[PDB]
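> fold the stuff below for me.
(chains A, B and C, ligands or ions: 3)
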Amino acid sequence: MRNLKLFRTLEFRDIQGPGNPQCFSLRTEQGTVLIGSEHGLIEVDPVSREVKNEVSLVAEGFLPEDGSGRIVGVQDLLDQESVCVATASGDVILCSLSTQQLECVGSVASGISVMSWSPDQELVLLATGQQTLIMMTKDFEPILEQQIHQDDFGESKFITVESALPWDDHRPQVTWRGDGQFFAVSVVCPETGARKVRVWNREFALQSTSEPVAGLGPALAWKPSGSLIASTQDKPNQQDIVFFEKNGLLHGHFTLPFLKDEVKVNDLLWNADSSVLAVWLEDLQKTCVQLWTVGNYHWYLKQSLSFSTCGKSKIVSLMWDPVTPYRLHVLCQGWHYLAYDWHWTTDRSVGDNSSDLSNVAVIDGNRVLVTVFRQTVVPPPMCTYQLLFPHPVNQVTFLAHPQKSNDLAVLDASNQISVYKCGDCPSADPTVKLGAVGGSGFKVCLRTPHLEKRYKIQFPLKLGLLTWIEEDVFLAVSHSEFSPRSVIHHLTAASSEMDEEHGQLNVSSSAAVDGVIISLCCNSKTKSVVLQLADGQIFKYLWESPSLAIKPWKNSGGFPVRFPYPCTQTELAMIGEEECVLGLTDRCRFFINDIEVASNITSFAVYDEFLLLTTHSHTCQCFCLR
Amino acid sequence: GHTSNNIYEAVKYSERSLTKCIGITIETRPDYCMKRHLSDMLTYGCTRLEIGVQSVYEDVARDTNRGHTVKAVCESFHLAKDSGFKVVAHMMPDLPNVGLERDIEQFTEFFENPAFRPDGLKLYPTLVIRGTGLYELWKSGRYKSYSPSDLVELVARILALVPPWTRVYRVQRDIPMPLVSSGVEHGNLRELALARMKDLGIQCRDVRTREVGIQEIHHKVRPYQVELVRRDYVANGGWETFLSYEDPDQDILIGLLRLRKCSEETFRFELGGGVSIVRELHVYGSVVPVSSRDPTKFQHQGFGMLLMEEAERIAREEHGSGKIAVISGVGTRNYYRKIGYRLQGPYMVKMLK
RNA sequence: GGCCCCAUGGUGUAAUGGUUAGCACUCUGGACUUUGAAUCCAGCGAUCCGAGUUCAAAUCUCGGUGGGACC
Ligand SMILES: CCNC(=O)CCNC(=O)[C@H](O)C(C)(C)COP(=O)(O)OP(=O)(O)OC[C@H]1O[C@@H](n2cnc3c(N)ncnc32)[C@H](O)[C@@H]1OP(=O)(O)O
Ligand SMILES: C[C@H]1O[C@@H](n2cnc3c(N)ncnc32)[C@H](O)[C@@H]1O
Ligand code: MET
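Numbering: from 1, shown residues only, chains lettered A, B, ... in the order given. Ligands and ions are numbered 1, 2, ... in the order given. Please find the structure below.
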């Protein structure tokens, strides 16, 4: 059980590509990005914000000079450093940006319906305009061609003793398996007027066929680890997501948090981990995108964020990073590009051990589940008690005050701040409900929280991570695409001169520093705040800051401590008298004040006296840190 | 040894007998799982049940002409667990229209899903035998088995997946050899799986393979430092809870307990409100006569007392209930009498205030 | 009375001047929460005794032990 937290983002607008984007690919090693435009190809590195190469098949002649065709597909290739390209007219071409070696490598007497590349870059597979499929070797040598609408359930058979949606595009879709051994097609059935799916092996033998199901959608996505193929279906009162096996039978599903016939949906994207999944929704007469998660066969909508459909801000496309499973790229029609990153966390709370209750909070949907562990232990799902909310929350945090670390803060999607205090409230607001602890006659004598405040902001994610240093002081971080830097903020408490459940917190100050502040933490006992820069530089910032007090973290010799890597998290400790720092990376590498100490660590924790670790070698151990 | 006239007379007489019977278990199928039959079995002192699942895919049932739905199995599990019995499932690898990957996926599902999370497990590989339709199906050369190596790998992978609380009871059938058209040569398979999992260097955590008796009789390892361990999960809507004493360094186990909170929906009104049921309790080892105290060994050192008091404390505080009920064998009731437990219906019970 | 012959697992036996006596019947254990007995697997059994020789001896010598046919 964990919850994702946004780590860092990268936004890039104002790309001068001719015409408009059509598609794009990514240059993994090069660190740049491809662009499919109406006139030619463009390559640019994001952090550079500089174009490297330009071409125009309009200038060459293949692309309609007036501009009428589109690039069906662009796919980066690393062996030859030359990128293949597909034409709406049905022309496959190869070129290299190094010297502009554009030259037609083949064509068909139809348009290229779609271009597919084997996950191992071994093979290619394309669809024609005359409803047939063309398989070819690595170098465009035609392997075979076969008609799409044959009549069989597939080679894999069984032994034993109403119409397409109005908003359907009728565009066929295909996908690979995660092993490069099976691929599934999702052509709309011309005969039944519905959607149909078939699956074939690496040999290109017709393995299996889908089953008659009403309300089928056009979307499709194979799970990277296999055995699961995603699809969407609308039922008389609800839009749901269903799954399929390699046998091509329905198995498992989960519903959506929206009403009946409200919004349009696009296809589904898997992260590199095969764990996280992302869904694209279109506001049907305000699009959105959501990050779901399955846990113990329960589906958790861990994240979501929306956007406006106004043309330039209307999104063009997006893509998972095929290297880091928690990295995303996206681009919108205002010739703009953007990048996003996340990392895991648990969201625990620590205060005075006598008074603290070892409470733990988890986020799901428009609600938060809380479990107090000083007295109770419940196995997720379920929880001690839950708090409801109108629309989905994004991230939460506990109060950082000692002997008080039992009240948290909630950040809803629409810039709403919810305060819940566990004081001796006589009457409980209806938002608080009890989980497994409640029942018919079962009774407990714990202390419950209550709603306190619903604040707003007083001047798409205008702010980054949220921290609650003290009852009245919150902190966040911004960015800047030009001249990369971050800004701290000082959202103090505005007094209650309105509905006492309201009040807009305003920026007392905006502390600005250069570079990307990837992380930050603080200690209540020391009342000190220290951040980690993207460089691994460690900088204590005086949260008091009578005048912008900044100081890089000092070693025992009074010199800077520059972490050799970007930490996945940060921590303060009280070793002997030293206020040393703690951190680690995803690579099990552990360092202390720029001293590596171990490489088998998978997790750690400390509650004011002891450091506990989880070796990758299946062991734990404690230490008296004083 | 006393001639009787009805069930109840025999029950009352066996109460005071010295053979000290501790329970019975019966097989069944989900059709006969309504609360009427459960109440009937409550009158017999039965403890555990057999169902026969054979799959996790509904289509297979009609393919196998089973004649019911997997759903009914699921509600039978939920209802029986709410009542307080134990359940052992039957798994049926290498079935028609089932790939090897299908078997792996379904077996993983069998524990990944909170729907099932069963307690007792039994496995029986497919065996084509003359007389059945499958006999002709294979005879027509249309139903094929695996090679023995495939079965060994399948079993070895499966054993790596069993959750610690689940206990395996048997592997393979006991059918005479010169009758099966696809019977494996080896009457012994657990050993072959053990060899294979040594080859792969991955270990299993079954209860039967970590109790003191088997571990000593097969490896001669003496426990040295035994401590407590607590775990919990969710199954059929229940808040299950598992307690044990065991020595972790050798991973050898001595005593166990299974206790949960009753579901909001129940059949026995005696459990209505402030009630937590303890499904079962047991310490492994060997038989020690009730009068005898210490042949060294580990069966009368007062271990059960600590588990009872701690489970009671948990139910009083964490469950927040108000009265503890428990099922028991006919003789075992007297045991609970020593702790101040009194009878009510077929259930032993103690007030919690 | 001597000549010969023999002495290996509990029994029936191979083997032989050198790092390990191999089988066979038998017995024992696990698979097995359906089985002492079944099916498989695994395991425990040994050169008559004392003197010699030989680097080295069950195999070469002598003596003894006990047993087996000879006039
Ligand atoms: C519920 C049906 N299932 C079972 O019964 C499983 C088999 N049960 C057992 O083997 C044992 O009862 C246990 C698993 C509880 C292990 O016994 P445990 O070590 O916990 O007993 P304790 O050491 O705590 O207490 C000892 C007392 O239990 C008594 N006792 C043992 N068996 C029984 C029994 N069937 N019925 C009543 N009292 C018993 C002993 O006579 C002893 O009394 P003592 O003062 O004269 O010595
Ligand atoms: C006792 C369990 O074994 C199954 N079962 C019973 N007889 C056979 C057989 N010949 N082959 C396979 N499974 C069998 C039952 O259906 C039940 O699940
Ligand atoms: C002996 S077969 C298993 C028990 C029962 N006959 C059933 O199939 O449900």
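
> is the residue of chain A found nearest ligand 3 part of a helix or strand, or is it coil?
Relative to ligand 3, the nearest point of chain A is residue A:161 (18.0 Å; Cβ to the nearest ligand atom). For every residue, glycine as well, the C-beta is placed using N, CA and C. Put simply, residue A:161 is coil when judged by DSSP: H, G, I helix; E, B strand; the rest coil.

> check contacts around residue 11.
No chain was given, so I picked chain A. Going by Cβ atoms under 8 Å, 6 or more residues apart in numbering or on different chains, residue A:11 touches A:336, A:337, A:338, A:339, A:479, A:481.

> chain B was what I was after
Contacts of residue B:11 (Cβ under 8 Å, 6+ apart): B:45, B:330.

> please enumerate the helices of the chain.
Let's take chain A. Using DSSP state H, the helices of chain A run over A:57-60.

> could you do chain B instead?
Under DSSP H, chain B gives helices at B:7-15, B:35-42, B:58-63, B:70-83, B:100-112, B:133-139, B:148-159, B:190-200, B:212-219, B:303-314, B:333-337.

> just to revisit the earlier point, closest to ligand 1 out of the contacts of residue A:11?
residue A:339 (61.2 Å).

> correct me, but that closest one touches residue A:329?
Yes. Using Cβ atoms under 8 Å, residue A:339 makes contact with residue A:329 at a distance of 5.4 Å.

> what about the closest residue to ligand 2 within chain A, how many residues nearby?
Per Cβ to the nearest ligand atom, residue A:161 is where chain A lies closest to ligand 2, at 15.6 Å. When neighbours are counted by other Cβ atoms under 10 Å in any protein chain shown, residue A:161 registers 11.

> for residue A:450, give the beta-bridge partners.
Counting by DSSP bridges, residue A:450 forms beta bridges with residue A:421.

> what are the ranges of the strands in chain B?
B:24-27, B:46-50, B:86-91, B:120-123, B:167-171, B:227-235, B:238-247, B:252-261, B:275-278, B:280-283, B:323-326, B:342-344, B:347-351 (DSSP state E).

> just the CA trace of the second one, in PDB.
If I follow you right, that is strand B:46-50. Backbone C-alpha positions of strand B:46-50 (Å, rounded to 0.1, in the frame of the first residue of the first chain) are rendered in PDB as follows:
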ATOM      1  CA  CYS B  46     -18.700 -31.200  12.300                       C
ATOM      2  CA  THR B  47     -15.800 -28.800  11.900                       C
ATOM      3  CA  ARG B  48     -14.400 -28.800   8.300                       C
ATOM      4  CA  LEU B  49     -15.900 -29.300   4.900                       C
ATOM      5  CA  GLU B  50     -15.000 -30.400   1.400                       C
END
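
> contact partners for residue B:165?
Contacts of residue B:165 (Cβ under 8 Å, 6+ apart): B:119, B:207, B:231, B:242, B:258.

> what's near enough to touch residue A:272?
Contacts of residue A:272 by Cβ under 8 Å, 6+ apart are A:224, A:320, A:321, A:322, A:323, A:324, A:325.

> my guess is the second one contacts residue A:277. True?
This points to residue A:320. No. Applying Cβ under 8 Å as the test, residue A:320 and residue A:277 come out as separate, 9.9 Å apart.

> show me which residues of the stretch 1-150 of chain B sit near ligand 1.
Selection of the stretch 1-150 of chain B residues close to ligand 1 by Cβ under 6 Å from any ligand atom yields B:20, B:22, B:23.

> now the buried members of these.
Neighbour-count burial (16 or more other Cβ atoms under 10 Å in any protein chain shown) applied to these gives residue B:23.

> redo the residues of the stretch 1-150 of chain B next to ligand 1 as JSON lines? Include distance to RNA strand C.
Shown next, in JSON lines, are these (distance: Cβ to the nearest atom of the strand, whole Å):
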{"residue": "B:20", "distance to RNA strand C": "17"}
{"residue": "B:22", "distance to RNA strand C": "11"}
{"residue": "B:23", "distance to RNA strand C": "11"}
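
> which of the residues of the stretch 1-150 of chain B next to ligand 1 come close to ligand 2?
Counting by Cβ under 6 Å from any ligand atom, no member of these is near ligand 2.

> rewinding a little: which one of the strands of chain B lies nearest to residue A:510?
When those are compared by Cβ to Cβ, strand B:227-235 sits nearest residue A:510, at 46.9 Å.

> what number of residues lie near the closest residue to residue A:95 other than its chain neighbours?
Nearest residue to residue A:95 in three dimensions, chain neighbours excluded: residue A:102, at 3.8 Å (Cβ to Cβ, 6 or more residues apart in numbering or on different chains). The tally of other residues near residue A:102 (other Cβ under 10 Å) stands at 20.

> I'd guessed residue A:102 sits against residue A:57; true?
Yes. The criterion here is Cβ under 8 Å, and residue A:102 meets it with residue A:57 at 7.0 Å.

> name the residue of chain B that lies nearest to chain A.
residue B:273 (2.8 Å; Cβ to the nearest Cβ).

> quick one, what contacts that residue?
A:439, A:440, A:441, A:442, B:322.

> which residues sit against stretch B:222-232?
With Cβ under 8 Å, 6+ apart, stretch B:222-232 has contacts from A:377-379, B:164-165, B:212, B:216, B:239-250, B:252, B:254, B:298.

> quick check: residues of the stretch 151-300 of chain B near ligand 1?
B:282, B:283, B:290, B:293, B:299, B:300.

> filter those residues down to the buried ones and hand me the PyMOL line.
Remark: buried members of these, expressed as a PyMOL selection using 16+ other Cβ under 10 Å:
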select buried, chain B and resi 283+299+300
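
> would you check that residue A:110 makes contact with residue A:127?
No. Using Cβ under 8 Å, residue A:110 is not in contact with residue A:127; the gap is 9.4 Å.

> so which of those two has more stuff around it?
Shown here are residue A:110 and residue A:127; by other Cβ under 10 Å, residue A:127 has more neighbours (25 against 15).
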